[PDB]
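These notes concern the structure reproduced below.
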Amino acid sequence: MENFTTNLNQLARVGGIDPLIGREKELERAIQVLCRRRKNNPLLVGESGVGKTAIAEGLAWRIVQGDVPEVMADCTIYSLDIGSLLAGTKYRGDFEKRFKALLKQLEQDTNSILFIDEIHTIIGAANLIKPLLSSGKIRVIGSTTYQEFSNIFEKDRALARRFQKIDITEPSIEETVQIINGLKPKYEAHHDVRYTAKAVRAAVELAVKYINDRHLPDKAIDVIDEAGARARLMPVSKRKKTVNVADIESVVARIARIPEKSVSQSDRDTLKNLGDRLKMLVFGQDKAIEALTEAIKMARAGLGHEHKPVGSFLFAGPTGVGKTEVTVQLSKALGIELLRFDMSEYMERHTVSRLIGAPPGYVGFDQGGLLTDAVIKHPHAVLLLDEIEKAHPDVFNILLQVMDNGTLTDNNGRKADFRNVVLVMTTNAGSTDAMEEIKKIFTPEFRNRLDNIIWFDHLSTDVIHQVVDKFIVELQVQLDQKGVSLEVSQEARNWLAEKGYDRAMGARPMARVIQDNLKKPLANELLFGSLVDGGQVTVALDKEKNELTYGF
Amino acid sequence: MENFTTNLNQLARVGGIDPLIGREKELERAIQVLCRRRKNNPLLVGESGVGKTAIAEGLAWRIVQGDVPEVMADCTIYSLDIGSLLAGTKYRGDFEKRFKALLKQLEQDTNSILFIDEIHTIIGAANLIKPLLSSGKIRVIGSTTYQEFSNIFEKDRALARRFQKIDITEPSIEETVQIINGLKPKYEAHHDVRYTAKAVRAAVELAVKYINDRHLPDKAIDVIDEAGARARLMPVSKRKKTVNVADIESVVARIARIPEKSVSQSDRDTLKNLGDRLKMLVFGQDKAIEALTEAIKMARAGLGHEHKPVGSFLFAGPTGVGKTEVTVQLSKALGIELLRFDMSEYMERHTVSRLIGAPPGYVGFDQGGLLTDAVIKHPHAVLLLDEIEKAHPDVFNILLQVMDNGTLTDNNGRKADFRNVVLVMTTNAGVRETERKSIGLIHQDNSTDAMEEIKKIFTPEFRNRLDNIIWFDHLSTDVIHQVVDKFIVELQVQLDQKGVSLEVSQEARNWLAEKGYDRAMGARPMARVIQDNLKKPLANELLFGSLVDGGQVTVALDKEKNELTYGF
Ligand SMILES: Nc1ncnc2c1ncn2[C@@H]1O[C@H](COP(=O)(O)OP(=O)(O)O)[C@@H](O)[C@H]1O
Ligand SMILES: Nc1ncnc2c1ncn2[C@@H]1O[C@H](COP(=O)(O)OP(=O)(O)O)[C@@H](O)[C@H]1O
Ligand SMILES: Nc1ncnc2c1ncn2[C@@H]1O[C@H](COP(=O)(O)OP(=O)(O)O)[C@@H](O)[C@H]1O
C-alpha cells in the first residue's frame with residue numbers, strides 16, 4: 001500500500017492533524033469496538049461536515065501519542081485514495097488485482113487498521129471484503145452519512161452485521177465553542193491574528209442562525225478561518241490584527257447571501273428609525289406602523305419566544321390601504337426575503353396538500369411542498385398570506401400548528417423552521433365593529449394564537465393626494481434617468497386622485513390610471529422622437545375635456 | 001525544468017501581461033480564499049472565455065505590483081502547461097514517471113501557487129493532482145464552467161473541502177468597452193487601422209443582439225479583430241484605417257449573413273411603423289395589431305420597470321384568425337427568432353419540471369430546462385405559449401415569477417434574461433361561450449363577452465400582471481375571401497406545376513369562404529373544405545383519363561348551392 005494509502009500515523013506524527021476535542025465518548029466507543037475478536041469494524045454515522053474524518057485523525061494522533069490502551073498500541077491506520085484504487089483500471093481484472101495487492105500488503109501487518117472515508121462509493125465491489133472483514137483478519141473504519149447508510153446498508157444484512165454503527169451527531173453550541181477554542185491557536189499562528197471570546201460565541205451563534213447549508217462544527221471553523229483571512233487582508237489598510245464581532249458579522253452576511261451587516265448592530269441603526277422610514281414609504285395608518293414596529297422591535301430585542309415565529313400579524317381593513325406595501329417595505333428594510341401566497345387558490349379541500357406536499361405514493365409527492373419549500377429556501381423571510389379568511393379550514397389547522405410550534409414537516413421528513421419568519425396575514429374584512437366582525441369570521445382558537453391584530457383605517461383624501469404625488473415623483477425620477485423633466489398641475493393631481501381611487505378598491509386603480517394617462521402619451525412623444533432629450537412634460541386639465549394636455 | 005512550469009510574474013514584469021480591467025472584487029475574494037489555512041484553493045466557475053485566465057493574470061500582476069497583503073507580496077505564481085509534459089512520451093510508464101518528476105519539481109518549488117487551466121479536464125491522470133490535495137501545503141487556482149462544476153465537484157467531498165467557486169459574471173456594457181479600449185492599441189498596431197470609441201460602442205451594442213455563440217468578453221474582441229483584418233485586407237490599393245460603425249455592421253453582415261440593412265441600419269424605423277407592417281401581412285384584426293404595437297412601443301420607451309419582460313400579452317378570441325400568424329410576422333419584423341411551446345404538453349407537473357429543468361422528471365438535467373436554454377440562446381427572441389389555459393398551475397407560478405422579476409434562475413446556477421424578451425400566450429377559452437345557443441325562442445340572446453370566462457380560468461394573481469390582454473375578432477367576409485383566394489392560388493400553383501390550369505368563379509369563392517369559416521375555429525377548416533370540395537374531383541379526373549398531362553378546369557355554382565366541375 002506504498003502508493004495507494006496514506007499512513008495516518010506518519011501524518012499525525014508530523015503535523016496537519018488537529019487535536020480532537022469533546023469526542024471522548026465516541027472515541028471510547030470506537031476503541032471498545034476495536035477490541036472485539038470478530039466484527040470489530042467501526043462505522044461512523046453522521047452528516048456532511050460533522051467531523052467524521054476528525055475522528056480517525058484524532059485516533060491516529062492518540063496512537064502516535066500513546067494515549068490509547070496497550071492493546072490498541074502498535075496499530076497503523078491507513079487512509080486509502082479511492083482515486084488511485086478504483087479509477088484507471090478499465091478492464092475486468094485490474095481492480096480485483098489492485099484490491100488483492102492492498103489486502104496482502106495489509107496482511108503483513110496483522111495489527112494495522114484501514115480507514116475508508118466515505119465508504120458508500122466503493123460498495124455500489126463489496127462482495128470482495130465481506131469474507132475478509134467478517135471474522136478473519138481485517139478491521140475497517142467506515143464513515144458514511146445517515147442517508148448513505150440507510151440506503152446502501154440495512155439492505156445487505158451481511159454487511160450491516162459486519163459493521164458497528166457509531167452515531168456521530170453534531171456538537172452543541174458550547175461544544176462548538178470549546179472545539180473552536182482548541183483550534184484557535186493554529187489559525188492564530190497562520191493568520192497572525194487574535195480572536196475574542198465574544199467574537200467566537202457570536203460567530204458560532206450566527207453560523208447557527210443564518211448558515212443552514214452545512215453543519216455546526218465545520219461551518220463555524222470555516223467562518224473563523226474566513227474572518228482570520230479577512231483580518232489578514234485588512235493590512236491593506238494597516239489595521240490591527242484583533243478580530244472582533246463586526247468582522248464576524250460581515251463575513252457571515254457575506255457567506256449566507258445576506259445583506260452586509262444586516263444581522264446585529266446596523267439593525268440597531270435601522271430599528272432606531274424603522275417606523276419613520278416606513279412612514280416615508282407608506283402614508284396613512286401610522287398607528288398601525290407604530291404597533292407593527294413596536295412588535296418587530298419587541299421580537300428583535302431577544303425577548304420573543306423561540307418556539308413561535310417572529311410575529312403573527314393580522315392586517316384587518318379595506319383593500320388598497322397598503323398592507324402589502326407595508327409588508328414589502330418591511331422586507332426591503334430588514335434585508336430579508338418576501339414570501340407571497342394568496343389563499344384564494346387554497347379554498348378547496350384538495351388544495352391544502354399543495355402547501356406541505358402529498359403523502360408518499362400519491363401525485364405531486366416529488367413536487368414537495370410550496371410553503372415548507374420556500375421556508376427552507378429562505379428561513380428569514382416575511383410570510384405574506386393574502387385573503388386568509390378565504391383559506392380552507394385545513395390551511396387554518398396548518399397555520400395553527402405553525403403559530404403554536406413554529407416548525408413544519410415536509411413530506412420528505414425535513415424540518416421547516418418558522419422561528420425566523422414574520423407571519424403576516426391580510427384580510428379584506430374591514431374599530432369595535434371591525435373587531436366584532438373579526439371575532440365572527442375567525443375562530444377563537446386562531447385569534448388567541450395571534451401576536452397582534454393590526455387594523456388599517458380608510459385612506460383619507462389628503463393621503464390619496466400624497467400617494468398620487470408619490471406616483472408622480474416616481475415617474476419624475478424615472479424620467480430624470482432618461483433626462484426629460486415633467487410638470488403636473490395641482491388640479492391634474494386632484495383629478496388623478498379622485499378618478500383612480502375607490503372606497504371599495506383603495507389605491508389599486510392608481511397604477512393603471514398613472515400608466516394609461518401619463519406613460520402612454522409621453523411614451524409616444526419620446527419614442528417617436530417628438531419629445532427628446534431636453535424637453536419638459538406638462539400636465540394640464542381642462543374641465544371641458546377632462547383630459548391631460550402636454551407639450552415639448 | 002522550466003518547460004513545464006511557467007512563472008507568469010516574469011511575463012507581467014516584462015510587459016507581456018497588461019493589468020486587468022475591473023473585477024477587482026473577484027481578486028479580493030481569490031486573495032482571501034488563498035489566505036485561508038484550510039480550503040485555500042480558489043475555483044473559477046462561469047462561462048468560457050469571460051476572463052478567468054485574465055483574472056489570474058491580473059492577480060499575478062497585482063502581486064508583482066504589491067497590491068496584496070504582505071503575506072503574498074513576495075510569492076510567485078506558476079501556470080500549468082499540460083501539453084509540454086504530456087506529449088513526447090506516448091508511454092504510460094513514462095507518463096507516470098514524468099508525473100512524479102513534475103511533482104517533485106513543484107514540491108522543490110514550494111511556496112508557489114500553480115494555476116490549472118480548465119482543471120475540470122485534469123480531474124475528469126486523475127492521480128496527478130491528488131498528490132497536491134493530499135499534500136495540501138500547495139495552493140491551486142483552477143477554472144471550470146457550471147456544467148463541469150455540477151458534474152465533478154458537487155458530488156465529491158475531497159474536492160468540495162478544498163475548493164470554493166468564484167461566480168464570474170460577464171461584465172456590463174461599459175466594462176466591456178473598457179476592456180475593448182484596453183486591448184485596442186495593440187490590435188490597432190497589428191491591424192494598422194483606427195476605430196472610434198463610438199465604433200466599439202456600436203460594436204458591442206450590436207454584438208449583444210448578434211451573440212448566440214459566446215458571451216460578451218469573448219466575442220466583441222473577435223468582432224474587432226475581424227473588422228481590423230477586413231479593413232486592412234478588403235481594399236487592395238486603399239487602406240481605410242478609419243473603422244467606423246458602418247464597418248462594424250459590414251463585418252456583422254459578413255459573419256452572421258443577416259443583411260446589415262435589416263438589423264444594424266434599422267434601429268427604430270420599422271418600430272415606428274410596426275403597426276402598418278403587421279397590418280400589411282395580417283388581414284384584419286387591425287385593432288388588436290394596434291394595441292399590441294402601442295404596448296410594445298410603450299415598453300421600448302423605457303418609462304417602466306427595467307427588470308420586467310418586454311411584453312406580456314394574452315391573445316384572446318377564436319383561433320384561426322391569425323394570432324399565430326400575427327406572432328410570426330411580429331417575430332420576422334423584429335428580426336428575432338420565434339421560441340414557441342404548445343402548452344398542451346405541459347398539463348402535468350412532471351413535465352413542468354422538464355420545462356424548468358428540475359432534477360426529477362427528465363434525464364439529462366445537466367442541460368437545464370427547455371425555456372431557460374432557449375432564452376439563453378436568444379435573449380432577444382419572442383416567446384409563444386399556445387393554449388396557455390391547458391398548462392399546469394406551476395407554469396402559471398413560473399409565469400407570475402417572471403412577470404414579477406423578469407429573470408428565471410436554473411438548478412445549474414444559471415439565470416434567464418427576460419428584460420429583452422417579449423412573452424405572448426394564446427388561448428381560446430371563453431370563445432366556446434360565444435356559440436352557446438340560448439333556450440328562448442330567439443336564442444341569439446347574446447354577443448357574448450368571454451372576459452368573465454377568461455378571468456375565471458386565469459387566477460387574478462396571474463392576469464393582474466398582464467401588460468395587456470389582446471382580443472382578436474372574427475374575420476370579415478373580405479378577409480375570408482382573401483384567405484380562400486390564397487388557398488386557390490396555392491392550388492393553382494400545384495396544378496400548373498402538374499400542368500393543369502384552373503379557373504374559379506367568384507361566387508364559388510364566396511360559397512367556399514362562407515361554408516368553411518367556423519366561429520369556433522376561425523378559418524382553420526378552410527384548408528380541409530377546400531381540399532374536399534376541389535382536390536378530390538380534380539384528382540379523380542387527373543387519374544381517370546379526363547385530364548392526364550394538360551387541360552383546364554373552371555368552377556361555378558348552381559341554384560342548389562353545389563360546386564359544378566367543368567372538365568377539359
Ligand atoms: N471535535 C473536533 N475537534 C477539532 N476539530 C474538529 C472537531 N470536530 C470537527 N472538527 C473540524 O471540522 C471539520 C470537519 O471535516 P470532516 O468531518 O472531515 O468532513 P466530512 O464529515 O464531510 O467528511 C474538520 O476541519 C475538523 O477538523
Ligand atoms: N397607504 C398607502 N401609501 C402609499 N401607497 C399606497 C397605500 N395604499 C395603497 N397604496 C398604493 O396602492 C398599490 C398597492 O396597493 P395594495 O398594497 O396591494 O392594497 P391592499 O394591501 O389593501 O390589498 C400601490 O400602487 C400603492 O402605492
Ligand atoms: N388575416 C389572415 N391572413 C392570412 N391568413 C389567415 C388570416 N386569418 C386566418 N388565416 C389563415 O388561417 C390560419 C389560422 O392559424 P391560427 O389561428 O394562428 O392557429 P395556430 O394556433 O395553429 O397557429 C392561419 O395560419 C392562416 O392560414
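Just so we're on the same page: first chain in the C-alpha cells is A, next is B, and so on; residues restart at 1 for each chain, and ligands are numbered from 1 in the order they show up.
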Would you kindly report the residues of chain A within 8 Å of chain B, using only C-alpha atoms, as an MDAnalysis selection string? chainID A and resid 83:84 187 190:191 225:226 228:230 232:236 364 366:367 475 478:479 519:520 523:524 526:528
Give me, as a ChimeraX atom specification, the set of residues whose atoms come within 7 Å of any atom of ligand 2, counting only C-alpha atoms and all ligand atoms. /A:281-285,318-325,459,467,506-508,510-511
Export N, CA, C and O atoms of the chosen residues as an mmCIF file, in the first residue's frame?
data_model
loop_
_atom_site.group_PDB
_atom_site.id
_atom_site.type_symbol
_atom_site.label_atom_id
_atom_site.label_comp_id
_atom_site.auth_asym_id
_atom_site.auth_seq_id
_atom_site.Cartn_x
_atom_site.Cartn_y
_atom_site.Cartn_z
ATOM 1 N N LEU A 281 -42.515 55.858 3.335
ATOM 2 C CA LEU A 281 -42.798 54.990 2.198
ATOM 3 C C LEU A 281 -44.249 54.546 2.137
ATOM 4 O O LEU A 281 -44.763 54.286 1.047
ATOM 5 N N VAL A 282 -44.915 54.447 3.282
ATOM 6 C CA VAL A 282 -46.352 54.222 3.353
ATOM 7 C C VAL A 282 -46.974 55.448 4.004
ATOM 8 O O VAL A 282 -46.367 56.062 4.888
ATOM 9 N N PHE A 283 -48.162 55.824 3.543
ATOM 10 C CA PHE A 283 -48.848 57.009 4.031
ATOM 11 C C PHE A 283 -50.193 56.613 4.623
ATOM 12 O O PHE A 283 -50.916 55.790 4.054
ATOM 13 N N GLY A 284 -50.526 57.204 5.760
ATOM 14 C CA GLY A 284 -51.704 56.800 6.488
ATOM 15 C C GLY A 284 -51.462 55.516 7.258
ATOM 16 O O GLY A 284 -50.458 54.823 7.077
ATOM 17 N N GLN A 285 -52.417 55.200 8.132
ATOM 18 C CA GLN A 285 -52.316 54.047 9.025
ATOM 19 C C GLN A 285 -51.002 54.086 9.801
ATOM 20 O O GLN A 285 -50.261 53.103 9.872
ATOM 21 N N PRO A 318 -59.985 47.541 4.829
ATOM 22 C CA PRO A 318 -60.345 47.520 3.407
ATOM 23 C C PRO A 318 -59.109 47.457 2.521
ATOM 24 O O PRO A 318 -57.988 47.741 2.947
ATOM 25 N N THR A 319 -59.331 47.083 1.264
ATOM 26 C CA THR A 319 -58.225 46.904 0.336
ATOM 27 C C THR A 319 -57.659 48.248 -0.102
ATOM 28 O O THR A 319 -58.291 49.295 0.064
ATOM 29 N N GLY A 320 -56.455 48.215 -0.668
ATOM 30 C CA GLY A 320 -55.848 49.419 -1.199
ATOM 31 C C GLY A 320 -55.340 50.394 -0.164
ATOM 32 O O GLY A 320 -55.112 51.565 -0.487
ATOM 33 N N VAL A 321 -55.149 49.950 1.075
ATOM 34 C CA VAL A 321 -54.639 50.802 2.139
ATOM 35 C C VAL A 321 -53.150 50.590 2.364
ATOM 36 O O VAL A 321 -52.548 51.276 3.196
ATOM 37 N N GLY A 322 -52.539 49.658 1.640
ATOM 38 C CA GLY A 322 -51.100 49.496 1.672
ATOM 39 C C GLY A 322 -50.576 48.383 2.546
ATOM 40 O O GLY A 322 -49.375 48.373 2.838
ATOM 41 N N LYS A 323 -51.427 47.447 2.977
ATOM 42 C CA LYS A 323 -50.954 46.322 3.782
ATOM 43 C C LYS A 323 -49.805 45.602 3.088
ATOM 44 O O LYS A 323 -48.748 45.364 3.685
ATOM 45 N N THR A 324 -49.998 45.261 1.813
ATOM 46 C CA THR A 324 -48.929 44.657 1.029
ATOM 47 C C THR A 324 -47.747 45.606 0.885
ATOM 48 O O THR A 324 -46.591 45.173 0.844
ATOM 49 N N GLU A 325 -48.017 46.912 0.807
ATOM 50 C CA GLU A 325 -46.929 47.881 0.712
ATOM 51 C C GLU A 325 -46.130 47.935 2.006
ATOM 52 O O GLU A 325 -44.890 47.919 1.983
ATOM 53 N N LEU A 459 -58.335 55.234 3.696
ATOM 54 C CA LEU A 459 -57.426 56.249 3.187
ATOM 55 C C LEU A 459 -58.146 57.583 3.053
ATOM 56 O O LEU A 459 -59.234 57.666 2.479
ATOM 57 N N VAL A 467 -50.302 59.854 -2.070
ATOM 58 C CA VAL A 467 -49.897 58.680 -2.839
ATOM 59 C C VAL A 467 -49.839 59.006 -4.328
ATOM 60 O O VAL A 467 -48.991 58.477 -5.061
ATOM 61 N N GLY A 506 -59.610 51.028 -2.901
ATOM 62 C CA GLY A 506 -58.402 51.666 -2.406
ATOM 63 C C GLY A 506 -57.584 52.255 -3.536
ATOM 64 O O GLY A 506 -58.120 52.718 -4.550
ATOM 65 N N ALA A 507 -56.265 52.238 -3.369
ATOM 66 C CA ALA A 507 -55.348 52.818 -4.338
ATOM 67 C C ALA A 507 -54.895 51.830 -5.402
ATOM 68 O O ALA A 507 -53.888 52.083 -6.070
ATOM 69 N N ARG A 508 -55.598 50.713 -5.573
ATOM 70 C CA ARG A 508 -55.229 49.750 -6.606
ATOM 71 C C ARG A 508 -55.371 50.296 -8.023
ATOM 72 O O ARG A 508 -54.449 50.091 -8.831
ATOM 73 N N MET A 510 -54.849 53.137 -9.023
ATOM 74 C CA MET A 510 -53.956 54.272 -9.217
ATOM 75 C C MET A 510 -52.801 53.947 -10.150
ATOM 76 O O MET A 510 -52.407 54.806 -10.948
ATOM 77 N N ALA A 511 -52.254 52.733 -10.077
ATOM 78 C CA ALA A 511 -51.200 52.350 -11.008
ATOM 79 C C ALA A 511 -51.698 52.404 -12.444
ATOM 80 O O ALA A 511 -51.040 52.977 -13.318
#
Distance query stretch 452-458 of chain A at most 7 Å, only C-alpha atoms, self and fewer than 3 positions along chain excluded, as a PyMOL selection string: chain A and resi 285+288+312-318+321
Within 6 Å of ligand 1, which residues show up when you count only C-alpha atoms and all ligand atoms? List them as a PyMOL selection string, please. chain A and resi 18-23+48-54+179+217-218
Keeping N, CA, C and O atoms for every residue in the selection just given, could you write it to a file as a PDB file, in the first residue's frame?
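What follows is the written file result-v5.pdb:
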ATOM      1  N   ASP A  18      -5.309  17.984  13.490  1.00  0.00           N
ATOM      2  CA  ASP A  18      -5.606  18.867  14.601  1.00  0.00           C
ATOM      3  C   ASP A  18      -6.126  18.071  15.792  1.00  0.00           C
ATOM      4  O   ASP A  18      -6.699  16.991  15.622  1.00  0.00           O
ATOM      5  N   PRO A  19      -5.927  18.568  17.009  1.00  0.00           N
ATOM      6  CA  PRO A  19      -6.444  17.856  18.183  1.00  0.00           C
ATOM      7  C   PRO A  19      -7.960  17.764  18.166  1.00  0.00           C
ATOM      8  O   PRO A  19      -8.664  18.730  17.865  1.00  0.00           O
ATOM      9  N   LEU A  20      -8.459  16.577  18.492  1.00  0.00           N
ATOM     10  CA  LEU A  20      -9.888  16.327  18.586  1.00  0.00           C
ATOM     11  C   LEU A  20     -10.362  16.564  20.014  1.00  0.00           C
ATOM     12  O   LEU A  20      -9.866  15.951  20.963  1.00  0.00           O
ATOM     13  N   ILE A  21     -11.332  17.464  20.161  1.00  0.00           N
ATOM     14  CA  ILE A  21     -11.829  17.883  21.465  1.00  0.00           C
ATOM     15  C   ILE A  21     -13.303  17.521  21.559  1.00  0.00           C
ATOM     16  O   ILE A  21     -14.039  17.614  20.569  1.00  0.00           O
ATOM     17  N   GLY A  22     -13.731  17.108  22.750  1.00  0.00           N
ATOM     18  CA  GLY A  22     -15.133  16.860  23.013  1.00  0.00           C
ATOM     19  C   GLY A  22     -15.700  15.599  22.407  1.00  0.00           C
ATOM     20  O   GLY A  22     -16.922  15.480  22.282  1.00  0.00           O
ATOM     21  N   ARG A  23     -14.852  14.642  22.032  1.00  0.00           N
ATOM     22  CA  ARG A  23     -15.334  13.401  21.440  1.00  0.00           C
ATOM     23  C   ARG A  23     -14.818  12.203  22.223  1.00  0.00           C
ATOM     24  O   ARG A  23     -14.480  11.168  21.640  1.00  0.00           O
ATOM     25  N   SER A  48     -22.712  15.491   6.537  1.00  0.00           N
ATOM     26  CA  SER A  48     -21.623  16.226   5.912  1.00  0.00           C
ATOM     27  C   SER A  48     -21.114  17.312   6.850  1.00  0.00           C
ATOM     28  O   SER A  48     -21.891  18.092   7.406  1.00  0.00           O
ATOM     29  N   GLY A  49     -19.797  17.351   7.033  1.00  0.00           N
ATOM     30  CA  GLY A  49     -19.194  18.419   7.804  1.00  0.00           C
ATOM     31  C   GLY A  49     -19.440  18.351   9.290  1.00  0.00           C
ATOM     32  O   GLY A  49     -19.616  19.394   9.927  1.00  0.00           O
ATOM     33  N   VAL A  50     -19.462  17.152   9.867  1.00  0.00           N
ATOM     34  CA  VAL A  50     -19.675  16.971  11.296  1.00  0.00           C
ATOM     35  C   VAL A  50     -18.394  16.531  11.998  1.00  0.00           C
ATOM     36  O   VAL A  50     -18.350  16.473  13.232  1.00  0.00           O
ATOM     37  N   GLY A  51     -17.335  16.261  11.245  1.00  0.00           N
ATOM     38  CA  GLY A  51     -16.088  15.826  11.835  1.00  0.00           C
ATOM     39  C   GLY A  51     -15.876  14.335  11.876  1.00  0.00           C
ATOM     40  O   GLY A  51     -15.177  13.853  12.773  1.00  0.00           O
ATOM     41  N   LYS A  52     -16.470  13.584  10.944  1.00  0.00           N
ATOM     42  CA  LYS A  52     -16.224  12.148  10.881  1.00  0.00           C
ATOM     43  C   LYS A  52     -14.751  11.860  10.633  1.00  0.00           C
ATOM     44  O   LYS A  52     -14.144  11.036  11.328  1.00  0.00           O
ATOM     45  N   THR A  53     -14.155  12.530   9.642  1.00  0.00           N
ATOM     46  CA  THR A  53     -12.731  12.402   9.373  1.00  0.00           C
ATOM     47  C   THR A  53     -11.862  12.823  10.545  1.00  0.00           C
ATOM     48  O   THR A  53     -10.777  12.259  10.721  1.00  0.00           O
ATOM     49  N   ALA A  54     -12.320  13.776  11.358  1.00  0.00           N
ATOM     50  CA  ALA A  54     -11.536  14.202  12.510  1.00  0.00           C
ATOM     51  C   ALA A  54     -11.436  13.092  13.546  1.00  0.00           C
ATOM     52  O   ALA A  54     -10.497  13.064  14.347  1.00  0.00           O
ATOM     53  N   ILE A 179     -14.490  23.505  20.850  1.00  0.00           N
ATOM     54  CA  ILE A 179     -13.709  22.993  19.730  1.00  0.00           C
ATOM     55  C   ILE A 179     -12.984  24.128  19.019  1.00  0.00           C
ATOM     56  O   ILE A 179     -11.791  24.024  18.702  1.00  0.00           O
ATOM     57  N   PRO A 217     -20.055  22.178  13.476  1.00  0.00           N
ATOM     58  CA  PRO A 217     -18.622  22.229  13.802  1.00  0.00           C
ATOM     59  C   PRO A 217     -17.735  22.583  12.627  1.00  0.00           C
ATOM     60  O   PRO A 217     -16.591  23.000  12.850  1.00  0.00           O
ATOM     61  N   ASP A 218     -18.212  22.450  11.392  1.00  0.00           N
ATOM     62  CA  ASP A 218     -17.399  22.772  10.229  1.00  0.00           C
ATOM     63  C   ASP A 218     -17.666  24.180   9.712  1.00  0.00           C
ATOM     64  O   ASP A 218     -16.725  24.902   9.376  1.00  0.00           O
TER      65      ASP A 218
END
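Residues of protein, DNA or RNA having any atom at most 7 Å from ligand 3, counting only C-alpha atoms and all ligand atoms, are residues 281, 282, 283, 284, 319, 320, 321, 322, 323, 324, 325, 386, 475, 479, 483, 522, 523 and 524 of chain B.
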Let's have the selection written as a PDB file, in the first residue's frame, with C-alpha atoms.
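Dumped to result_16.pdb:
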ATOM      1  CA  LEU B 281     -49.426  40.899 -43.858  1.00  0.00           C
ATOM      2  CA  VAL B 282     -52.287  40.008 -41.488  1.00  0.00           C
ATOM      3  CA  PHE B 283     -55.717  40.696 -42.975  1.00  0.00           C
ATOM      4  CA  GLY B 284     -57.963  42.188 -40.315  1.00  0.00           C
ATOM      5  CA  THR B 319     -58.390  30.671 -33.173  1.00  0.00           C
ATOM      6  CA  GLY B 320     -57.979  30.613 -36.932  1.00  0.00           C
ATOM      7  CA  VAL B 321     -57.967  34.417 -37.154  1.00  0.00           C
ATOM      8  CA  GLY B 322     -54.189  34.685 -37.446  1.00  0.00           C
ATOM      9  CA  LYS B 323     -52.967  35.204 -33.877  1.00  0.00           C
ATOM     10  CA  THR B 324     -50.149  32.743 -34.542  1.00  0.00           C
ATOM     11  CA  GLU B 325     -49.588  34.458 -37.896  1.00  0.00           C
ATOM     12  CA  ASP B 386     -50.278  28.471 -27.263  1.00  0.00           C
ATOM     13  CA  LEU B 475     -62.527  37.629 -39.843  1.00  0.00           C
ATOM     14  CA  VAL B 479     -60.691  38.587 -45.077  1.00  0.00           C
ATOM     15  CA  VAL B 483     -57.687  33.662 -47.457  1.00  0.00           C
ATOM     16  CA  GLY B 522     -61.889  30.657 -37.440  1.00  0.00           C
ATOM     17  CA  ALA B 523     -60.570  29.772 -40.881  1.00  0.00           C
ATOM     18  CA  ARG B 524     -58.857  26.502 -39.903  1.00  0.00           C
TER      19      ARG B 524
END
Exercise: residue B:75 partners within 12 Å, only C-alpha atoms, chain neighbours under 3 positions left out, as a ChimeraX atom specification: /B:7-9,34,59-66,68-72,78,109-114,139
Stretch 439-484 of chain A: residues DSSP assigns to alpha helix (DSSP H), reported as a PyMOL selection string: chain A and resi 439-441+444-447+461-482
Skip residue A:72 itself and residues of its chain fewer than 2 positions away, then list as a PyMOL selection string all residues within 9 Å of it, counting only C-alpha atoms. chain A and resi 31+34-35+63+68-70+74-75+111
Taking the chain letters and numbering used in this document, name the residues of stretch 389-471 of chain A that DSSP puts in strand (DSSP E or B), as a list in words.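 Residues meeting the strand (DSSP E or B) criterion: residues 407, 408, 409, 415, 416, 417, 422, 423, 424, 425, 426, 452, 453, 454 and 455 of chain A.
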Output N, CA, C and O atoms for every residue in that selection, as a compact mmCIF listing (two decimals), in the first residue's frame.
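Resulting contents of again-v1.txt:
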# COMPACT_ATOMS: atom_id res chain seq x y z
N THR A 407 -42.70 25.33 13.57
CA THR A 407 -41.98 24.44 12.67
C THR A 407 -42.98 23.58 11.92
O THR A 407 -44.04 23.22 12.44
N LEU A 408 -42.64 23.26 10.67
CA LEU A 408 -43.43 22.38 9.83
C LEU A 408 -42.56 21.26 9.28
O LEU A 408 -41.34 21.39 9.19
N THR A 409 -43.20 20.16 8.90
CA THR A 409 -42.51 18.98 8.41
C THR A 409 -42.85 18.75 6.94
O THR A 409 -44.02 18.56 6.59
N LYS A 415 -37.38 19.40 8.23
CA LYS A 415 -37.97 20.32 9.19
C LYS A 415 -37.89 21.74 8.65
O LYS A 415 -36.80 22.23 8.35
N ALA A 416 -39.04 22.38 8.52
CA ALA A 416 -39.12 23.77 8.08
C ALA A 416 -39.20 24.66 9.31
O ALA A 416 -40.16 24.59 10.08
N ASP A 417 -38.19 25.51 9.50
CA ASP A 417 -38.08 26.37 10.68
C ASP A 417 -38.81 27.68 10.42
O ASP A 417 -38.51 28.39 9.45
N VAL A 422 -41.54 36.20 9.83
CA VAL A 422 -42.61 37.04 10.35
C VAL A 422 -43.89 36.67 9.61
O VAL A 422 -44.02 36.93 8.41
N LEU A 423 -44.83 36.06 10.32
CA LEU A 423 -46.08 35.59 9.74
C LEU A 423 -47.05 36.77 9.66
O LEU A 423 -47.57 37.22 10.68
N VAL A 424 -47.29 37.25 8.44
CA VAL A 424 -48.17 38.39 8.20
C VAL A 424 -49.34 37.91 7.36
O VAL A 424 -49.15 37.34 6.28
N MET A 425 -50.56 38.14 7.86
CA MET A 425 -51.78 37.74 7.18
C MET A 425 -52.66 38.96 6.96
O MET A 425 -52.88 39.75 7.88
N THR A 426 -53.17 39.10 5.74
CA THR A 426 -54.04 40.21 5.39
C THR A 426 -55.43 39.69 5.05
O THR A 426 -55.60 38.59 4.51
N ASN A 452 -50.58 39.97 17.37
CA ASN A 452 -51.21 41.27 17.42
C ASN A 452 -52.05 41.45 16.16
O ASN A 452 -51.65 41.07 15.06
N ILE A 453 -53.23 42.03 16.34
CA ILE A 453 -54.14 42.34 15.24
C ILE A 453 -53.96 43.81 14.90
O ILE A 453 -54.12 44.68 15.76
N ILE A 454 -53.63 44.08 13.64
CA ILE A 454 -53.33 45.43 13.18
C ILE A 454 -54.43 45.87 12.23
O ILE A 454 -54.65 45.25 11.19
N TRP A 455 -55.12 46.95 12.60
CA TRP A 455 -56.21 47.50 11.80
C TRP A 455 -55.69 48.60 10.90
O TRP A 455 -54.88 49.43 11.32
Show me, as a PyMOL selection string, the residues that have an atom within 12 Å of residue B:270 when counting only C-alpha atoms, minus same-chain residues fewer than 6 positions from it. (chain A and resi 528) or (chain B and resi 261-264+276-278+293+297+330+332-335)
Might you pull out every residue within 12 Å of residue A:67, with only C-alpha atoms counted and same-chain residues fewer than 5 positions away left off, and present them as a PyMOL selection string? chain A and resi 24+27-28+31+58-62+72-74
Please measure the separation of atom CA of residue B:364 and atom CA of residue A:369, giving the value in Å to one decimal.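 About the pair atom CA of residue B:364 and atom CA of residue A:369: they are 23.9 Å apart.
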